[PDB]
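Asks: PDB entry and its sequence, pasted below:
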Amino acid sequence: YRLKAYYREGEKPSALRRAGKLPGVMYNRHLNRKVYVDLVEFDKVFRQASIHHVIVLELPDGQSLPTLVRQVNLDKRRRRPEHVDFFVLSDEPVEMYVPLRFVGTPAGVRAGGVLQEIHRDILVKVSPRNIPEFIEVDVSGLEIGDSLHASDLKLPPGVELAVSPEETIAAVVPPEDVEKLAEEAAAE
Amino acid sequence: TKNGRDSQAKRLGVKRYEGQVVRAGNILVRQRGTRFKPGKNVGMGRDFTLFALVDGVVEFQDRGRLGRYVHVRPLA
Amino acid sequence: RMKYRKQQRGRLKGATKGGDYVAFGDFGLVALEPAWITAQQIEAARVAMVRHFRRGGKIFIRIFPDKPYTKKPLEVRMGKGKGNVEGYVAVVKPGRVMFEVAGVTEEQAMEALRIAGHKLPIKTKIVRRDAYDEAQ
Amino acid sequence: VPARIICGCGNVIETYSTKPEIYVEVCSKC
Amino acid sequence: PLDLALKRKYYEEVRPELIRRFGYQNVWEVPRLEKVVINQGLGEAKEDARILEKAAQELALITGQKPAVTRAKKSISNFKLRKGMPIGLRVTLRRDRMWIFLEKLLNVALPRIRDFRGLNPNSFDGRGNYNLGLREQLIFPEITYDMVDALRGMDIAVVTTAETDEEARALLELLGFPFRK
Amino acid sequence: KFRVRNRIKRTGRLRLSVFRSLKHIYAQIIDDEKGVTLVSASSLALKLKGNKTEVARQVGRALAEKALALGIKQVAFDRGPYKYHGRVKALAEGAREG
Amino acid sequence: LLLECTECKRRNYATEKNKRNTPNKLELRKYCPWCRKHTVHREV
RNA sequence: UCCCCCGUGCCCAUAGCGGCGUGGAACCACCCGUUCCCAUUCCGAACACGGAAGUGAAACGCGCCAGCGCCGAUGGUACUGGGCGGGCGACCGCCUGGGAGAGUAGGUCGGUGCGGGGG
RNA sequence: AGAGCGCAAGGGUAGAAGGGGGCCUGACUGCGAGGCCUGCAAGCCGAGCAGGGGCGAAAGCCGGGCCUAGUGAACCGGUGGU
Ligand SMILES: [Mg+2]
Ligand SMILES: [Mg+2]
Ligand SMILES: [Mg+2]
Ligand SMILES: [Mg+2]
Ligand SMILES: [Mg+2]
Ligand SMILES: [Mg+2]
Ligand SMILES: [Mg+2]
Ligand SMILES: [Mg+2]
Ligand SMILES: [Mg+2]
Ligand SMILES: [Mg+2]
Ligand SMILES: [Mg+2]
Ligand SMILES: [Mg+2]
Ligand SMILES: [Mg+2]
Ligand SMILES: [Mg+2]
Ligand SMILES: [Mg+2]
Ligand SMILES: [Mg+2]
Ligand SMILES: [Mg+2]
Ligand SMILES: [Mg+2]
Ligand SMILES: [Mg+2]
Ligand SMILES: [Mg+2]
Ligand SMILES: [Mg+2]
Ligand SMILES: [Mg+2]
Ligand SMILES: [Mg+2]
Ligand SMILES: [Mg+2]
Ligand SMILES: [Mg+2]
Ligand SMILES: [Mg+2]
Ligand SMILES: [Mg+2]
Ligand SMILES: [Mg+2]
Ligand SMILES: [Mg+2]
Ligand SMILES: [Mg+2]
Ligand SMILES: [Mg+2]
Ligand SMILES: [Mg+2]
Ligand SMILES: [Mg+2]
Ligand SMILES: [Mg+2]
Ligand SMILES: [Mg+2]
Ligand SMILES: [Mg+2]
Ligand SMILES: [Mg+2]
Ligand SMILES: [Mg+2]
Ligand SMILES: [Mg+2]
Ligand SMILES: [Mg+2]
Ligand SMILES: [Mg+2]
Ligand SMILES: [Mg+2]
Ligand SMILES: [Mg+2]
Ligand SMILES: [Mg+2]
Ligand SMILES: [Mg+2]
Ligand SMILES: [Mg+2]
Ligand SMILES: [Mg+2]
Ligand SMILES: [Mg+2]
Ligand SMILES: [Mg+2]
Ligand SMILES: [Mg+2]
Ligand SMILES: [Mg+2]
Ligand SMILES: [Mg+2]
Ligand SMILES: [Mg+2]
Ligand SMILES: [Mg+2]
Ligand SMILES: [Mg+2]
Ligand SMILES: [Mg+2]
Ligand SMILES: [Mg+2]
């Protein structure tokens, strides 16, 4: 995706926001620069963009940088973005949370169950060229009381799990209506 | 109830500070344990009280693993 | 629980740490105002939640009452309150996420959470999900 | 001193231990 | 008294055999026996100090060395013990008296054991050491039957430069240890 | 281990670091609060023959000659993780005998 | 128990504290009088 | 001056944990022995003494790797000396000076005195 | 270092204040530069000096216990001394 960025220098960080610009900063192993996108733009952009796909930032310098949001400072007191990090990539491999499309109708939901889903995304070491829109999750044979771990992931070529080789991914928990309400109210 | 109780304050802690002229024997710092260690021209008593052994100026020296020391640099 | 008897009152300053981000489930419930949330208030909400949608998905309660609520037996001034009358409460500041549902429709959640709102003292809002996390 | 194990089955080994007259039996010989 | 069977058995037999089964590069890598230790759980002799001397003196003969003591420290309300008082017997032996003891072991002690079958090959600490248990102590040579006031038991151990129990298993078998295969 | 070393450090000046080898025996007069050796009478790695003990006595006398020349006399000895009894014994033994 | 040590062949006391039943019947510890110096002090 | 060692003090985990490699001429260790000085609540494991030969396996010295540990910006907050505004109130907001913690980028298998032995 | 440090809690601590032996009784007398604390009274720390002494080859440590509680002005009277 594209995004119209600008250079920052002395503009009052707070007074800036009132205008309509979201503070932010781009940087990498060699770079560091005060920037500031636009709220409305960044919003609709980052809505889908999030932090799985890359976004090139067009500075007035005509420079097209292959950045991605390494971190965002969400403002407490009614959610809203305060500030934005921008990690500039190159060619050396870089870790990052890649999406995960859980696909299938697990045995769990059949016997009336719940779509549990731990890591809705997973960090993985990977070359900048590799931009997997997502990763297939073969969740289907999963029955109630069962779970799926990292050591059981389908990894695309040229990628590795930069996590723990045992971490969970999803599960299948029960409902919780009448049986629990009547029983719990007395057994407690 | 059964609570209203407390031993009166002991008023410990740093008594003298760095860059302060001191006579011979002035209690430099009273302390609970070894929150501060002795050092150059600085002795200590049963209660871990740090006190000058010479005349001069106090100085504090942090040393990570070793701990915090306090000494007096003599001069006249 | 388990720990020990009685605790200070304390004041509810800024809505700082009181507040987070939908960390589980699809939809969530967020506090707009500070307050002590009672154990009965939580239970009242939880039950009203599930009871709304029978055999529902999963309901996450991220807040948790650990503050003993002190209170005197209608007399005067001898010692500290016996307390415990209302049991316990949770220091809920504005922005905090009390409840969040999962494995269910958007209508069921939008209604259920709406319901579990009236069960609470505070004026509240319902958040969807977005994508606001912390990654790259 | 050379402890002569006199195990009763056909073996007398000159080891080393207190008292040479070591009366044993069922040693490694049987 | 630096001379005996097991002495040279390790040298002119087990030493080269170890070079065969695994092959080394230096003589200080070849698994060497070098520490035997004995122990006795004497929660029994806690009452009688007399029974304590008996176990130690019977031990001094069998070990061919000088016995030692070692009391408890964080002890058993349940079994009549508390702090620094009771007892536990121990005696470490090395060098020559170490070999002389190993001799009485697989040539006298092990044979006349109550229905001996072999030494459990699982009794390896996982590393290069071995621990074994024994009931009757009279199975030792010099011990007379009309002298043991009680069949006081005890267990012994043995340290080696071995870093794997495979090296230990091979090393001890070559040393003449009757392992219950 | 080096409790002893710490004790003497706070004592005063002119420490006598007696590090001995399995065959050698060096000795330095290190003054702390600056870290500088003065009289460094080595042993086997200096000149002396081969007899640990008797070598120790002489190397001690070596410090003595070099020391009294620089106007030193504070016998601030450094047991250095060693039991005073044998080799180390002779060091200060001869060193103080002259 | 409050204890008081006396001097040998003289008349001098000293502050002390013995133990009742606890293993301690007599007190033969040395001490230092004013007349001369250092002489054994019994309980008494 | 330059390089490898041995003794030792400073900085206080960017010195460390773990993995792989290397050094025995010198130096150090392990090592041979237990008569003498000396020693282990039991053992020459440890302290100790006299010393061929063998070894660098263990230990230590020197290198390289970052998986753990550690260090860790910048930007933006939270909080807040001093000043002040709105609302009926639980509280919220601005001006001026100060500004974290956490998290991201990132760094890290050490700098360094003085004496001594060796080419 | 999450143990131990007689006992509450805390600060401190293995580069010992902790565990173990050997010799010993500085749980000494006569004092006290200078300080902490403090309304008063009281409480607290103390280098160093002289005497005679203990442990260590020695530099040196010892005027009780890792430290912060374990207590009572004056009066009247008891016992022993100059
Ligand atoms: Mg996609
Ligand atoms: Mg199942
Ligand atoms: Mg299961
Ligand atoms: Mg599984
Ligand atoms: Mg009060
Ligand atoms: Mg107080
Ligand atoms: Mg003192
Ligand atoms: Mg003390
Ligand atoms: Mg409790
Ligand atoms: Mg209570
Ligand atoms: Mg409370
Ligand atoms: Mg929130
Ligand atoms: Mg009233
Ligand atoms: Mg409401
Ligand atoms: Mg027979
Ligand atoms: Mg024990
Ligand atoms: Mg220096
Ligand atoms: Mg060179
Ligand atoms: Mg080599
Ligand atoms: Mg040999
Ligand atoms: Mg002997
Ligand atoms: Mg002899
Ligand atoms: Mg022992
Ligand atoms: Mg030896
Ligand atoms: Mg090797
Ligand atoms: Mg190495
Ligand atoms: Mg790293
Ligand atoms: Mg860190
Ligand atoms: Mg630091
Ligand atoms: Mg940081
Ligand atoms: Mg900052
Ligand atoms: Mg000011
Ligand atoms: Mg103010
Ligand atoms: Mg400012
Ligand atoms: Mg800071
Ligand atoms: Mg920071
Ligand atoms: Mg951290
Ligand atoms: Mg470097
Ligand atoms: Mg460097
Ligand atoms: Mg250095
Ligand atoms: Mg240099
Ligand atoms: Mg050359
Ligand atoms: Mg050459
Ligand atoms: Mg502790
Ligand atoms: Mg002490
Ligand atoms: Mg201990
Ligand atoms: Mg003791
Ligand atoms: Mg003692
Ligand atoms: Mg005064
Ligand atoms: Mg006063
Ligand atoms: Mg007191
Ligand atoms: Mg005299
Ligand atoms: Mg004292
Ligand atoms: Mg006390
Ligand atoms: Mg003590
Ligand atoms: Mg105190
Ligand atoms: Mg009166």
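Replies: That came in fine, so what should we check first? Numbering: from 1, shown residues only, chains lettered A, B, ... in the order given. Ligands and ions are numbered 1, 2, ... in the order given.
Asks: burial of the residue in chain D positioned nearest to ligand 3, as a residue count?
Replies: Proximity of chain D to ligand 3 (C-beta to the ion) peaks at residue D:28, 56.3 Å away. C-betas here are computed from N, CA, C, even on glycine. By other C-beta atoms under 10 Å in any protein chain shown, 16 other residues sit near residue D:28.
Asks: ok, now which ones touch it?
Replies: By C-beta atoms under 8 Å, 6 or more residues apart in numbering or on different chains, the contact list for residue D:28 reads D:11, E:106, E:107, E:111.
Asks: for the residues you listed, which two are the farthest from each other?
Replies: Spatial extent of the contacts of residue D:28 (C-beta to C-beta) is set by the pair D:11 and E:106 at 13.6 Å.
Asks: right, and residue C:33 touches residue C:123 too?
Replies: Yes - here residue C:33 reaches residue C:123: they are 5.8 Å apart, a contact under C-beta atoms under 8 Å.
Asks: could you report the separation of residue C:80 from chain E?
Replies: 38 Å (C-beta to the nearest C-beta, to the nearest Å).
Asks: phi first, then psi, for that residue.
Replies: The phi and psi values for residue C:80, taken as degrees, to the nearest 10, are phi -80, psi 160.
Asks: now for it: which residues touch it?
Replies: B:1, C:6, C:70.
Asks: need the buried ones from the residues you listed selected in PyMOL.
Replies: To isolate the buried ones among those in PyMOL, judged by 16 or more other C-beta atoms under 10 Å in any protein chain shown, type:
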select buried, chain C and resi 70
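Asks: so can I have a markdown table of the contacts of residue C:80 showing distance to RNA strand I and secondary structure?
Replies: Compiled in a markdown table, these are given as follows (distance: C-beta to the nearest atom of the strand, whole Å; DSSP: H, G, I helix; E, B strand; the rest coil):
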| residue | distance to RNA strand I | secondary structure |
| --- | --- | --- |
| B:1 | 18 | coil |
| C:6 | 18 | coil |
| C:70 | 24 | coil |
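Asks: need the contacts of residue C:80 in TSV (columns: distance to residue C:90).
Replies: TSV is the format used below for the contacts of residue C:80 (distance: C-beta to C-beta, whole Å):
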residue	distance to residue C:90
B:1	27
C:6	17
C:70	16
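Asks: list just the nearest of the contacts of residue C:80 to ligand 15.
Replies: residue C:6 (83.0 Å).
Asks: separation between the closest residue to residue E:118 other than its chain neighbours and residue E:124?
Replies: Spatial nearest neighbour of residue E:118, chain neighbours left out: residue E:180 (2.5 Å); criterion: C-beta to C-beta, 6 or more residues apart in numbering or on different chains. Distance, residue E:180 to residue E:124, by C-beta to C-beta, to the nearest Å: 13 Å.
Asks: tell me which of these two has more neighbours.
Replies: residue E:124 (18 against 11).
Asks: so that one makes contact with residue E:166?
Replies: No - the criterion here is C-beta under 8 Å, and residue E:124 misses it with residue E:166 at 9.2 Å.
Asks: hey, where'd the strands end up in chain F?
Replies: Ranges of strands within chain F are F:15-17, F:28-31, F:36-40, F:77-78, based on DSSP state E.
Asks: show me what contacts residue 70?
Replies: Since you didn't name a chain, this refers to chain A. A:85, A:86, A:87, C:135, C:136.
Asks: hm, I was asking about chain C
Replies: C:6, C:9, C:80, C:81, C:82, C:83, C:84.
Asks: quick one, strands of chain G?
Replies: Using DSSP E, strands in chain G cover G:2-4, G:6-7, G:15-17, G:30-31, G:39-42.
Asks: and the closest residue to RNA strand I within chain D, helix, strand or coil?
Replies: Residue nearest to RNA strand I within chain D (C-beta to the nearest atom of the strand): residue D:18, separated by 29.7 Å. Following DSSP: H, G, I helix; E, B strand; the rest coil, residue D:18 is assigned to coil.
Asks: from residue E:65, how far off is it?
Replies: When distance is defined by C-beta to C-beta, residue D:18 is 11 Å away from residue E:65.
Asks: more neighbours, these two?
Replies: A direct count of neighbours by other C-beta under 10 Å for residue D:18 and residue E:65 places residue E:65 higher, at 18 against 13.
Asks: report the contact partners of the residue of chain G found nearest RNA strand H.
Replies: Here chain G gets closest to RNA strand H at one residue, residue G:23, 20.6 Å apart by C-beta to the nearest atom of the strand. Residues counted as contacts of residue G:23 (C-beta under 8 Å, 6+ apart): none.
Asks: contact partners for residue 42?
Replies: Answering for chain A, as no chain was given. So residue A:42 contacts A:3, A:22, A:81, A:84 (C-beta under 8 Å, 6+ apart).
Asks: I was thinking of chain C, sorry if that wasn't clear
Replies: Counting by C-beta under 8 Å, 6+ apart, residue C:42 touches C:61, C:63, C:65, C:90, C:98.
Asks: residue C:112 now?
Replies: Neighbour list for residue C:112: C:48, C:49, C:52, C:53, C:56, C:101, C:104 [criterion: C-beta under 8 Å, 6+ apart].
Asks: check which helix or strand covers the first one.
Replies: Same thing as residue C:48. Element membership of residue C:48, judged by DSSP states H and E, is helix C:39-52.
Asks: next SSE downstream of that helix?
Replies: strand C:58-61.
Asks: middle-most residue in chain D, spatially?
Replies: The geometric centre of chain D, computed from its C-alpha atoms, lies nearest to residue D:5 (C-alpha atoms, centre = their mean), at 0.8 Å.
Asks: tell me which element that one is part of?
Replies: Per DSSP H and E: strand D:4-7 holds residue D:5.
Asks: now do whatever helix or strand comes next after that strand: which elements does it pack against?
Replies: Counting by DSSP H and E, the next helix or strand C-terminal to strand D:4-7 is strand D:11-14. Here strand D:11-14 touches strand D:4-7, going by 3 or more C-beta pairs under 8 Å, 6 or more residues apart in numbering or on different chains; DSSP states H and E.
Asks: lovely, talk soon.
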